[PDB]
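Working notes, structure below.
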There are 2 protein chains.
Amino acid sequence: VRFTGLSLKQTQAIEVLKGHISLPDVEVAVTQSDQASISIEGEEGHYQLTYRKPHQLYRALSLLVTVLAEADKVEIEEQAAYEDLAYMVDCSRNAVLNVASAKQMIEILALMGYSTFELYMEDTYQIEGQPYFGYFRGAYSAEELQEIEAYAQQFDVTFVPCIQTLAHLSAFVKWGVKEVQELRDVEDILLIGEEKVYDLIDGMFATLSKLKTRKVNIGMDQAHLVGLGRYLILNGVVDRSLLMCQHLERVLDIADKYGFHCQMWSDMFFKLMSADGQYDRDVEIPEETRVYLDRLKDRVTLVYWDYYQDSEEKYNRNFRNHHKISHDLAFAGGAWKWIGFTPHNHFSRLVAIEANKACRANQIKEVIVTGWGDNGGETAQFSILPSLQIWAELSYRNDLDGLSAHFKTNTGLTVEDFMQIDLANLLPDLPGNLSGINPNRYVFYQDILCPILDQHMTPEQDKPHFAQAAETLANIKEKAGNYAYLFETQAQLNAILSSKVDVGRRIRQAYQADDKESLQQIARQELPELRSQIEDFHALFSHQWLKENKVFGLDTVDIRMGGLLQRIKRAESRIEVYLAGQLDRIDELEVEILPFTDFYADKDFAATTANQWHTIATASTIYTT
Amino acid sequence: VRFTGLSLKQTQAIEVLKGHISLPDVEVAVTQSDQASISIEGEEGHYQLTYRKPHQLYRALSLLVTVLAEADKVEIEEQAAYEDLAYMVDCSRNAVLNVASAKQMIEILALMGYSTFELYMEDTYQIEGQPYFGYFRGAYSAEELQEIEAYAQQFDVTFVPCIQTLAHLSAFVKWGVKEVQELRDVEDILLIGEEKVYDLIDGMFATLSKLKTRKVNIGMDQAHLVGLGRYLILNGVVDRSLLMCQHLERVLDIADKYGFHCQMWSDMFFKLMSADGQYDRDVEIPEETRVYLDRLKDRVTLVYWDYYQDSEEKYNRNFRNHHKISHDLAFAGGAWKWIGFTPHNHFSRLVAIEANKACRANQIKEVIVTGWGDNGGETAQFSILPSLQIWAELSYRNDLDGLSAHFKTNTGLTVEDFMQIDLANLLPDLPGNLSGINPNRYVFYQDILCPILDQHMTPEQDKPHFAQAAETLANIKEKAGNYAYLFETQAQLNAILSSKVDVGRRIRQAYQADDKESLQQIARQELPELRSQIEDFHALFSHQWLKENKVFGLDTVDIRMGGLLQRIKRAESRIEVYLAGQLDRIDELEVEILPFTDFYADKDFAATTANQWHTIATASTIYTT
Ligand SMILES: CC(=O)N[C@@H]1[C@@H](O)[C@@H](O)[C@@H](CO)O[C@H]1O
Ligand SMILES: CC(=O)N[C@@H]1[C@@H](O)[C@@H](O)[C@@H](CO)O[C@H]1O
């Protein structure tokens, strides 16, 4: 590859990206031009490449590599619909992306066309004088954040931290020392009005001000009981919509002190000013709150977040609700990686297509693609690359015609192969448009003796689905190069699910039929083999985790999986005592299984959504007193 | 032994009790008399024994066996201070007392002098038409409760179910079906004013009405956020003291429909009407509430519960507070068995002495001794027998001069030997008068690599304390007869704690000193042996659990211990990886350990209180989303 017109910075960036893409032997003249986000023209090995914004050079090169495998003549012109496209990684659900993996992620985002990289850190960044904040969580040092940001800057990608300045601070506020307890209202919510809370928040911005970036998402989502705990005890009943504004104004003043411009999640305005306390509502704004908001709206960008709607109209409705408060809006979409071990790129594609229509219809300047890790971070950080390419394609081209070819240029895999990563969730009888259906997770963590999700299993279809999935994924692993770990992990999981999906039911059928030879088989052969496979899964999972994340947080998985293993040993031992005639009855097996949840009771399929480890694993108490 | 004056019922009861006590070959003439709770006179093999209330015969027999070992001549007269002395077993914290153990407990309570046996059941009794209420919890059927009660009736011991009609329903309200969710306010609290809530409660009393007893404790403690969840969203802001009264009225109306008389925990009146939301307060009663409350207080007995005070004076202050609301009061004291694996009979003794003074000074007629099982029910049900004998002696004699001798008649062990059961809690530098200090539990469940309670350990003291305790307990085990299991369990726990108390610290010390030999030894000898020892403990614990309780709830302990075991394996593997030179640092060990809590920071000792498994075991998230 011969380039003319590059700076040293750009030539060095390109050197890094040769680790992902193969530049052919051609001559490319490069310039900045406002004419297009990306333009590439020329033929017979001599090409002219222009970008509007510096970071767009890297997507241009991915396009160039792609189209030259196909043809000698190139006519590319792209007009991105969004001023900014960002990817936000969850670093608060136990999985803290390690620095080396943050660098890989940045490289890929740059090839895809993202302008912005973001980390969501509730308590997982260090604040001077707050030793419990992020303690044993692998909180990023200021230096690590600076290194990560500086790396992104190598590709003209900007960095935006997503923090919390109200709720979602559960891992911090649990620490039973006065310096932390005095900051609390209730649950995971900080105490509005308490000066020590504003000292903490000032501390958050002092840390962040060590970065170059002056753009921040301050959070403030899901503070459902705000003003109703220690706040209510100290101050009595207040208008909670005004309370939100008072808090918001204090935080904005602190941001201003450090020169930051803020975004925030939008949901609490709607929840606190709607009759049934929900996000998706047209709001009745009390006049005093309307006056307060009118002055605050000019100082903050509201982020409408929605990972769920299957149609443009549903989004547009919410955009119209938001316009009643502000026209300075951004949108946050979803790269589904928060439903256990296995992502849902398929569902992500479905909703992105529709969200992109709505966002364009409402002149949304910025889309933030979110990669949440709900309830323990058990899905791989790189599991959702197809979703990321999907949104990039939608911004730059408004279609997916180039999705797989650009994807294979950037990763070595076709997007279709990569999206087989979803397989543990893709039961055949599901419609593609319902969210959160996560058998990958609940089949895995379910008990043996007390299988409380058993009514949601359909062994005739599920067993061969999982078995075939494991074979499909082993084949993809062998051609996945450096992405192999992802597929190996999923293959082993599907192998486990193919038998575990009904082992609990088979134990009960054998018990009821008095088939003792079968119980003996299950206790002495199948369940010990099940433990061996789970330990193999745990090893693969640990390799995956340690490759992507800091070690901190893996401990919760160690605990969860060690518990599962011990519960399988209980199944073995209880069966043995019964077979030895030292029990008349196995009481666990005498209990009739009820539906776990009725959330999809009306549908013809049996699967469901169950995404809390502690209620998957047992009907007993385990965290409560 | 030969008796005259016995009914058939009494003759049958004494036959059963010969299983516990050794009646000497003497002649006893028995009659009821008003002259004393119990009197015994006579000599030379011929005795006259009177009792006031039928159940007191059985304590009288315990006393007779005791004194006849001392002497031929007998002069006994007792006047009990309390009309009723009850023991309440927690059957809601995962450990549901099996029917066989309920019968043993009743037999022992009879010999001690208790008039009343109680079971605390949040969701752990069956309600027709409510299939999720007690699901997979080992909830008692009506027939099991009837059997337990009829068995108590054999000894003229009455039965009082303790239930919940407001909060503490967490194991039920988690179930994600509409028929459960529609009953919810917030957290573990039912939705006041919802008719389906009142249908549920009617169901509760429908079940209980199948019993003979017409006395019930309806709960209503600790509903901290009542009115502030779904209640607030549906109904707006209301006077919460009035809300409580409205709910209470409804519940009492349901009780009246079935002929019940109610007791209730008193705390929410004080908490809702005090300015800081605390129990130990003389409260200003709002005017509208006083009207409502004065009516309600004539329909229910308030139970002042307090397990913590080391002085009469503090109890007296709270009695005075209560007396400004009602003179229809009972008192609840504590047999401390809710702080992990190991009871605190010693601390129970200390507070009982002072509480007994206060109850006597305030004319209290009924004392309920409570045996809570907080956060998984991991302490043995029979671990607190000394605390039970203590309260019986305080009622009947107003002193403990007879405590050890009556205890040994009743159990075969001196009370001093039995109370060694407490040892895993009895660190030598603790004063006797501070509650909740439970190294038994937190030393056990603490992580290895990330030992977040390490600052609370005092190895030079604690190590020989635990090792010596294990020997002491092994000796007592050998003379404990049918109670041996209790001491066997505790012996193995103390053996584990003597090394585990500082294994995390020694790993850190060897790591910093670069003592790779000690790291090897710890990885390859100590930690595998530790896992072996914990598996033995798990085996002993399981035998104890299955002897005393239903199998339901053991699963949570399997999970917890399974997870601990797996975390010890992680410590082994991380060290190995490091020893192999495939890591430059073990990041877990580079984190400086802070105090876990400042609760007892001002004291001379290092130990503390930490009684939530999920926060002992990890600093990561584990139940939150
Ligand atoms: C702003 C926002 O997205 N908040 C939460 C987020 O933390 C994560 O849990 C996500 C996926 O389930 O759901 C949202 O309710
Ligand atoms: C009425 C009552 O005693 N309520 C609770 C009880 O459930 C138990 O948890 C106990 C020991 O901690 O503490 C209490 O505050």
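Note on naming: chains are A, B, ... as they come in the structure tokens, residues start from 1 per chain, ligands start from 1 in the order shown.
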Nearby residues (only C-alpha atoms) at most 9 Å from residue 240 of chain B, same-chain spacing under 6 positions excluded, as a PyMOL selection string: chain B and resi 226-227+272-273
Contacts with ligand 2 at most 6 Å, only C-alpha atoms and all ligand atoms counted, listed as a PyMOL selection string: chain B and resi 221+265+372+374
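Near residue 537 of chain A, within 7 Å and counting only C-alpha atoms, sit residues 489, 492 and 493 of chain A; same-chain residues fewer than 5 positions away were not included.
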Put those residues in a file: N, CA and C atoms, as a PDB file, in the first residue's frame.
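Dumped to result17.pdb:
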ATOM      1  N   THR A 489     -16.057 -21.114  24.122  1.00  0.00           N
ATOM      2  CA  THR A 489     -16.925 -20.918  25.290  1.00  0.00           C
ATOM      3  C   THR A 489     -18.402 -21.235  24.983  1.00  0.00           C
ATOM      4  N   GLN A 492     -19.160 -25.165  24.297  1.00  0.00           N
ATOM      5  CA  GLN A 492     -19.201 -25.955  25.523  1.00  0.00           C
ATOM      6  C   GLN A 492     -20.508 -25.702  26.275  1.00  0.00           C
ATOM      7  N   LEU A 493     -20.948 -24.447  26.298  1.00  0.00           N
ATOM      8  CA  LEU A 493     -22.191 -24.115  26.974  1.00  0.00           C
ATOM      9  C   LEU A 493     -23.374 -24.852  26.353  1.00  0.00           C
TER      10      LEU A 493
END
Residue neighbourhood residue 573 of chain B, 8 Å, only C-alpha atoms, exclusion window fewer than 4 positions, as a VMD selection string: chain B and resid 523 569 577
Close residues, residue 193 of chain B itself excluded, 9 Å, only C-alpha atoms, min 3 positions apart in chain, as JSON, numbers by chain: {"B": [196, 197, 198, 231, 243, 246, 247, 250]}
Please, could you write that set of residues out with N, CA, C and O atoms as a PDB file, in the first residue's frame?
ATOM      1  N   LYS B 196     -57.124  -8.055  47.118  1.00  0.00           N
ATOM      2  CA  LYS B 196     -56.476  -9.342  46.903  1.00  0.00           C
ATOM      3  C   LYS B 196     -55.437  -9.619  47.998  1.00  0.00           C
ATOM      4  O   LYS B 196     -55.148 -10.773  48.291  1.00  0.00           O
ATOM      5  N   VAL B 197     -54.878  -8.565  48.591  1.00  0.00           N
ATOM      6  CA  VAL B 197     -54.080  -8.705  49.806  1.00  0.00           C
ATOM      7  C   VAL B 197     -54.958  -9.225  50.957  1.00  0.00           C
ATOM      8  O   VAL B 197     -54.577 -10.177  51.630  1.00  0.00           O
ATOM      9  N   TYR B 198     -56.132  -8.626  51.151  1.00  0.00           N
ATOM     10  CA  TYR B 198     -57.046  -9.065  52.207  1.00  0.00           C
ATOM     11  C   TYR B 198     -57.622 -10.459  51.943  1.00  0.00           C
ATOM     12  O   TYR B 198     -57.814 -11.219  52.891  1.00  0.00           O
ATOM     13  N   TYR B 231     -47.860   1.636  46.590  1.00  0.00           N
ATOM     14  CA  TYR B 231     -48.886   2.350  47.313  1.00  0.00           C
ATOM     15  C   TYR B 231     -48.857   3.834  46.903  1.00  0.00           C
ATOM     16  O   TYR B 231     -49.908   4.425  46.596  1.00  0.00           O
ATOM     17  N   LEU B 243     -52.348   4.972  57.804  1.00  0.00           N
ATOM     18  CA  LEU B 243     -52.319   3.820  56.888  1.00  0.00           C
ATOM     19  C   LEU B 243     -52.129   2.485  57.626  1.00  0.00           C
ATOM     20  O   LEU B 243     -52.830   1.498  57.377  1.00  0.00           O
ATOM     21  N   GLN B 246     -55.282   1.577  59.437  1.00  0.00           N
ATOM     22  CA  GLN B 246     -56.285   1.066  58.499  1.00  0.00           C
ATOM     23  C   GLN B 246     -56.015  -0.428  58.189  1.00  0.00           C
ATOM     24  O   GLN B 246     -56.906  -1.289  58.285  1.00  0.00           O
ATOM     25  N   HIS B 247     -54.768  -0.725  57.869  1.00  0.00           N
ATOM     26  CA  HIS B 247     -54.378  -2.075  57.568  1.00  0.00           C
ATOM     27  C   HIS B 247     -54.607  -2.974  58.785  1.00  0.00           C
ATOM     28  O   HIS B 247     -55.211  -4.035  58.673  1.00  0.00           O
ATOM     29  N   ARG B 250     -58.268  -3.891  59.278  1.00  0.00           N
ATOM     30  CA  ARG B 250     -58.687  -4.901  58.324  1.00  0.00           C
ATOM     31  C   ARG B 250     -58.266  -6.294  58.785  1.00  0.00           C
ATOM     32  O   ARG B 250     -59.067  -7.250  58.719  1.00  0.00           O
TER      33      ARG B 250
END
Environment of ligand 1 within 9 Å, counting only C-alpha atoms and all ligand atoms, reported as JSON, numbers by chain: {"A": [90, 92, 93, 168, 219, 220, 221, 222, 264, 265, 266, 267, 303, 304, 305, 306, 307, 332, 333, 334, 336, 337, 338, 339, 370, 371, 372, 373, 374, 375, 436], "B": [625]}
Can you pull out every residue from segment 209-437 of chain A that DSSP, working from the backbone, puts in alpha helix (DSSP H), and format the result as a short mmCIF file (atom, residue, chain, number, x, y, z; two decimals) with N, CA and C atoms, in the first residue's frame?
data_model
loop_
_atom_site.label_atom_id
_atom_site.label_comp_id
_atom_site.auth_asym_id
_atom_site.auth_seq_id
_atom_site.Cartn_x
_atom_site.Cartn_y
_atom_site.Cartn_z
N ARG A 230 -34.01 7.95 53.71
CA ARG A 230 -33.46 8.90 54.66
C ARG A 230 -33.80 10.34 54.29
N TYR A 231 -33.95 10.62 52.99
CA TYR A 231 -34.43 11.93 52.56
C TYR A 231 -35.79 12.30 53.21
N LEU A 232 -36.74 11.37 53.20
CA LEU A 232 -38.07 11.62 53.73
C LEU A 232 -37.99 11.81 55.24
N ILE A 233 -37.14 11.02 55.90
CA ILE A 233 -36.99 11.13 57.33
C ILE A 233 -36.43 12.51 57.69
N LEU A 234 -35.42 12.95 56.97
CA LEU A 234 -34.79 14.22 57.29
C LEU A 234 -35.60 15.43 56.87
N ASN A 235 -36.32 15.37 55.75
CA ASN A 235 -36.86 16.60 55.12
C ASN A 235 -38.35 16.60 54.91
N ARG A 240 -41.22 15.63 44.15
CA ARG A 240 -40.01 14.88 43.77
C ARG A 240 -39.48 15.32 42.41
N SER A 241 -40.34 15.92 41.57
CA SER A 241 -39.89 16.39 40.27
C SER A 241 -39.00 17.61 40.46
N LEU A 242 -39.34 18.48 41.41
CA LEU A 242 -38.47 19.61 41.78
C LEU A 242 -37.19 19.12 42.45
N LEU A 243 -37.30 18.09 43.28
CA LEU A 243 -36.14 17.50 43.92
C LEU A 243 -35.11 17.07 42.87
N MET A 244 -35.58 16.41 41.81
CA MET A 244 -34.69 15.99 40.73
C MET A 244 -34.00 17.18 40.11
N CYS A 245 -34.76 18.24 39.83
CA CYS A 245 -34.17 19.45 39.27
C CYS A 245 -33.12 20.07 40.21
N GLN A 246 -33.41 20.15 41.50
CA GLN A 246 -32.46 20.70 42.46
C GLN A 246 -31.15 19.93 42.43
N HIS A 247 -31.25 18.61 42.47
CA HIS A 247 -30.07 17.78 42.41
C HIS A 247 -29.35 17.98 41.09
N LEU A 248 -30.08 17.90 39.98
CA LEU A 248 -29.51 18.09 38.67
C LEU A 248 -28.72 19.42 38.60
N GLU A 249 -29.34 20.51 39.02
CA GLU A 249 -28.68 21.82 39.01
C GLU A 249 -27.37 21.84 39.81
N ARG A 250 -27.37 21.23 41.00
CA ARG A 250 -26.14 21.14 41.79
C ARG A 250 -25.06 20.37 41.01
N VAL A 251 -25.43 19.27 40.35
CA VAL A 251 -24.43 18.47 39.65
C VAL A 251 -23.90 19.24 38.45
N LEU A 252 -24.80 19.90 37.74
CA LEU A 252 -24.40 20.72 36.59
C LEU A 252 -23.45 21.84 37.01
N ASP A 253 -23.71 22.48 38.15
CA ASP A 253 -22.79 23.49 38.67
C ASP A 253 -21.41 22.89 38.94
N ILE A 254 -21.38 21.68 39.48
CA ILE A 254 -20.09 21.02 39.72
C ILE A 254 -19.41 20.69 38.38
N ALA A 255 -20.15 20.16 37.43
CA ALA A 255 -19.57 19.93 36.11
C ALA A 255 -19.00 21.21 35.52
N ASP A 256 -19.73 22.32 35.69
CA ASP A 256 -19.34 23.58 35.07
C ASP A 256 -18.00 24.00 35.67
N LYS A 257 -17.87 23.87 36.97
CA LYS A 257 -16.61 24.14 37.66
C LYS A 257 -15.40 23.52 36.95
N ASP A 267 -34.98 9.08 31.91
CA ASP A 267 -36.16 8.37 32.39
C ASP A 267 -36.84 8.93 33.66
N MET A 268 -36.09 9.50 34.60
CA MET A 268 -36.70 9.92 35.86
C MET A 268 -37.67 11.10 35.68
N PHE A 269 -37.41 11.98 34.71
CA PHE A 269 -38.39 13.05 34.43
C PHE A 269 -39.77 12.48 34.11
N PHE A 270 -39.79 11.46 33.26
CA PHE A 270 -41.03 10.83 32.82
C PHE A 270 -41.62 10.00 33.96
N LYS A 271 -40.80 9.20 34.63
CA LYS A 271 -41.32 8.41 35.73
C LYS A 271 -41.92 9.28 36.85
N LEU A 272 -41.25 10.36 37.22
CA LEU A 272 -41.77 11.20 38.31
C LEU A 272 -42.91 12.12 37.90
N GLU A 287 -46.18 23.37 36.69
CA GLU A 287 -45.69 24.63 36.16
C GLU A 287 -44.36 24.97 36.78
N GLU A 288 -44.25 24.82 38.10
CA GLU A 288 -42.99 25.12 38.76
C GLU A 288 -41.85 24.24 38.21
N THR A 289 -42.15 22.99 37.92
CA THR A 289 -41.13 22.14 37.33
C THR A 289 -40.83 22.56 35.89
N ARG A 290 -41.86 22.98 35.15
CA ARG A 290 -41.65 23.45 33.76
C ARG A 290 -40.67 24.62 33.71
N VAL A 291 -40.81 25.54 34.66
CA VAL A 291 -39.92 26.70 34.71
C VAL A 291 -38.49 26.28 35.07
N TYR A 292 -38.36 25.33 35.99
CA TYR A 292 -37.04 24.84 36.38
C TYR A 292 -36.38 24.13 35.19
N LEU A 293 -37.12 23.23 34.55
CA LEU A 293 -36.58 22.50 33.40
C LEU A 293 -36.21 23.40 32.24
N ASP A 294 -37.02 24.41 31.96
CA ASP A 294 -36.70 25.32 30.88
C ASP A 294 -35.32 25.92 31.04
N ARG A 295 -34.92 26.30 32.25
CA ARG A 295 -33.54 26.75 32.41
C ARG A 295 -32.52 25.61 32.41
N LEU A 296 -32.82 24.45 32.97
CA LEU A 296 -31.82 23.36 32.94
C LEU A 296 -31.63 22.71 31.56
N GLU A 312 -40.60 1.78 14.27
CA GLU A 312 -40.25 3.18 14.22
C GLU A 312 -41.24 4.07 15.01
N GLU A 313 -42.53 3.74 14.94
CA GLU A 313 -43.60 4.58 15.54
C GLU A 313 -43.49 4.62 17.04
N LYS A 314 -43.19 3.48 17.65
CA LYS A 314 -42.98 3.41 19.08
C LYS A 314 -41.87 4.31 19.55
N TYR A 315 -40.74 4.31 18.84
CA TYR A 315 -39.66 5.26 19.17
C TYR A 315 -40.14 6.70 18.97
N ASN A 316 -40.76 6.96 17.82
CA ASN A 316 -41.18 8.33 17.49
C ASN A 316 -42.11 8.88 18.54
N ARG A 317 -42.97 8.03 19.09
CA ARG A 317 -43.87 8.46 20.18
C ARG A 317 -43.06 9.01 21.36
N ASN A 318 -42.00 8.30 21.72
CA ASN A 318 -41.16 8.71 22.84
C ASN A 318 -40.35 9.94 22.51
N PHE A 319 -39.89 10.04 21.26
CA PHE A 319 -39.24 11.27 20.85
C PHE A 319 -40.17 12.47 20.98
N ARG A 320 -41.43 12.34 20.56
CA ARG A 320 -42.42 13.41 20.74
C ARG A 320 -42.65 13.73 22.22
N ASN A 321 -42.69 12.72 23.08
CA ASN A 321 -42.80 12.99 24.50
C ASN A 321 -41.59 13.82 24.97
N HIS A 322 -40.39 13.47 24.50
CA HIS A 322 -39.18 14.19 24.94
C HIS A 322 -39.14 15.65 24.48
N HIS A 323 -39.57 15.89 23.24
CA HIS A 323 -39.65 17.26 22.71
C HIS A 323 -40.47 18.20 23.57
N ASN A 345 -27.31 -10.60 19.29
CA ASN A 345 -27.07 -9.81 18.11
C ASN A 345 -28.27 -9.81 17.16
N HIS A 346 -28.96 -10.95 17.06
CA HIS A 346 -30.14 -11.04 16.18
C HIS A 346 -31.19 -10.01 16.60
N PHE A 347 -31.55 -10.00 17.89
CA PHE A 347 -32.57 -9.07 18.35
C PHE A 347 -32.04 -7.65 18.21
N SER A 348 -30.73 -7.50 18.38
CA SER A 348 -30.13 -6.18 18.29
C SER A 348 -30.29 -5.59 16.89
N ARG A 349 -30.11 -6.44 15.87
CA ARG A 349 -30.27 -6.05 14.48
C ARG A 349 -31.70 -5.61 14.25
N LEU A 350 -32.64 -6.44 14.68
CA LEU A 350 -34.06 -6.13 14.53
C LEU A 350 -34.43 -4.73 15.05
N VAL A 351 -34.06 -4.41 16.29
CA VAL A 351 -34.41 -3.12 16.86
C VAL A 351 -33.60 -1.96 16.31
N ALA A 352 -32.35 -2.19 15.91
CA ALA A 352 -31.51 -1.12 15.36
C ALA A 352 -32.09 -0.58 14.07
N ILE A 353 -32.55 -1.48 13.21
CA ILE A 353 -33.12 -1.04 11.94
C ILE A 353 -34.24 -0.03 12.20
N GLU A 354 -35.14 -0.38 13.11
CA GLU A 354 -36.27 0.50 13.41
C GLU A 354 -35.87 1.77 14.16
N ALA A 355 -34.96 1.65 15.12
CA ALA A 355 -34.49 2.82 15.88
C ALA A 355 -33.79 3.84 15.00
N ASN A 356 -33.00 3.34 14.05
CA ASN A 356 -32.31 4.19 13.11
C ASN A 356 -33.31 5.04 12.31
N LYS A 357 -34.44 4.46 11.93
CA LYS A 357 -35.46 5.23 11.22
C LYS A 357 -36.00 6.38 12.07
N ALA A 358 -36.31 6.07 13.31
CA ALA A 358 -36.87 7.06 14.23
C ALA A 358 -35.86 8.16 14.52
N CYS A 359 -34.62 7.76 14.76
CA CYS A 359 -33.59 8.71 15.11
C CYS A 359 -33.39 9.70 13.97
N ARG A 360 -33.30 9.17 12.75
CA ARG A 360 -33.19 10.03 11.56
C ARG A 360 -34.41 10.95 11.40
N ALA A 361 -35.60 10.41 11.57
CA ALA A 361 -36.83 11.20 11.51
C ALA A 361 -36.84 12.36 12.49
N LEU A 385 -19.76 -7.64 18.48
CA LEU A 385 -19.20 -6.92 17.32
C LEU A 385 -20.18 -6.82 16.14
N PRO A 386 -20.97 -7.88 15.89
CA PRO A 386 -21.93 -7.74 14.80
C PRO A 386 -22.95 -6.59 15.01
N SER A 387 -23.43 -6.41 16.24
CA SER A 387 -24.31 -5.32 16.56
C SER A 387 -23.64 -3.97 16.34
N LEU A 388 -22.36 -3.89 16.66
CA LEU A 388 -21.64 -2.64 16.49
C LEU A 388 -21.49 -2.29 15.02
N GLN A 389 -21.23 -3.31 14.19
CA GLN A 389 -21.09 -3.09 12.74
C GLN A 389 -22.44 -2.70 12.18
N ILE A 390 -23.48 -3.34 12.70
CA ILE A 390 -24.83 -3.04 12.25
C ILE A 390 -25.12 -1.54 12.40
N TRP A 391 -24.86 -0.97 13.57
CA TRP A 391 -25.17 0.43 13.77
C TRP A 391 -24.30 1.34 12.92
N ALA A 392 -23.02 1.01 12.82
CA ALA A 392 -22.12 1.74 11.93
C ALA A 392 -22.66 1.78 10.50
N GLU A 393 -23.05 0.61 9.99
CA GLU A 393 -23.62 0.54 8.64
C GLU A 393 -24.87 1.40 8.52
N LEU A 394 -25.76 1.30 9.50
CA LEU A 394 -26.97 2.11 9.48
C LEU A 394 -26.69 3.62 9.48
N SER A 395 -25.73 4.08 10.27
CA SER A 395 -25.37 5.50 10.22
C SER A 395 -24.76 5.95 8.88
N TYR A 396 -23.77 5.19 8.40
CA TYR A 396 -23.00 5.56 7.19
C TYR A 396 -23.71 5.32 5.85
N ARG A 397 -24.52 4.28 5.79
CA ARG A 397 -25.19 3.87 4.53
C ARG A 397 -26.71 3.76 4.63
N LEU A 403 -22.90 -5.10 5.19
CA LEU A 403 -22.61 -5.50 6.57
C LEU A 403 -21.62 -6.66 6.68
N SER A 404 -21.89 -7.75 5.97
CA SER A 404 -21.06 -8.95 6.18
C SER A 404 -19.65 -8.76 5.62
N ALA A 405 -19.56 -8.13 4.46
CA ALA A 405 -18.26 -7.92 3.78
C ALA A 405 -17.40 -6.97 4.59
N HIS A 406 -17.98 -5.87 5.09
CA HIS A 406 -17.20 -4.99 5.95
C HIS A 406 -16.81 -5.73 7.21
N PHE A 407 -17.75 -6.50 7.74
CA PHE A 407 -17.49 -7.28 8.97
C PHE A 407 -16.36 -8.27 8.79
N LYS A 408 -16.39 -9.03 7.69
CA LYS A 408 -15.31 -9.98 7.45
C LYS A 408 -13.96 -9.29 7.20
N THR A 409 -13.95 -8.18 6.48
CA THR A 409 -12.72 -7.39 6.37
C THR A 409 -12.16 -7.05 7.75
N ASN A 410 -13.03 -6.64 8.67
CA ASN A 410 -12.58 -6.17 9.98
C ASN A 410 -12.23 -7.25 11.00
N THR A 411 -12.82 -8.44 10.86
CA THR A 411 -12.69 -9.50 11.86
C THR A 411 -12.14 -10.83 11.37
N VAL A 415 -20.36 -12.06 9.03
CA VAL A 415 -21.21 -11.63 10.11
C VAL A 415 -22.17 -12.76 10.47
N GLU A 416 -22.55 -13.57 9.47
CA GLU A 416 -23.45 -14.69 9.69
C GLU A 416 -22.79 -15.72 10.61
N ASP A 417 -21.53 -16.07 10.34
CA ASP A 417 -20.81 -16.99 11.23
C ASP A 417 -20.72 -16.42 12.64
N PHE A 418 -20.31 -15.16 12.73
CA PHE A 418 -20.11 -14.54 14.05
C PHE A 418 -21.41 -14.55 14.85
#
Residue list for chain B near chain A as a ChimeraX atom specification, 8 Å, only C-alpha atoms: /B:93-94,135-137,170-171,175-178,225,228-229,233-234,275-277,374-376,450,551-553,555-556,558-567,570,587-588,591,596-599,612-614,618-625
Test item: residues at most 7 Å from residue 544 of chain A, only C-alpha atoms, excluding those fewer than 4 positions along its chain, as an NGL selection string: :A and (485 or 540 or 548)
Shell around segment 2-4 of chain A at 9 Å using only C-alpha atoms, local window under 3 positions removed, as a list in words: residues 11, 25, 26, 27, 28, 29, 30 and 31 of chain A
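The interatomic distance for the pair atom CA of residue 65 of chain B and atom CA of residue 37 of chain B works out to 17.4 Å.
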Separation of atom CA of residue 539 of chain A from atom CA of residue 139 of chain A, in Å and rounded to one decimal: 24.5 Å
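One distance worth recording is that between atom CA of residue 538 of chain B and atom CA of residue 574 of chain A, which is 14.3 Å.
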Picked from segment 46-293 of chain A by DSSP as strand (DSSP E), as a PyMOL selection string: chain A and resi 46-51+74-78+84-90+116-120+158-162+184-186+189-190+215-217+261-265
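Nearest-residue note for residue 542 of chain A: choosing from A:72, A:123, A:378, A:34, the minimum distance belongs to A:378, counting only C-alpha atoms.
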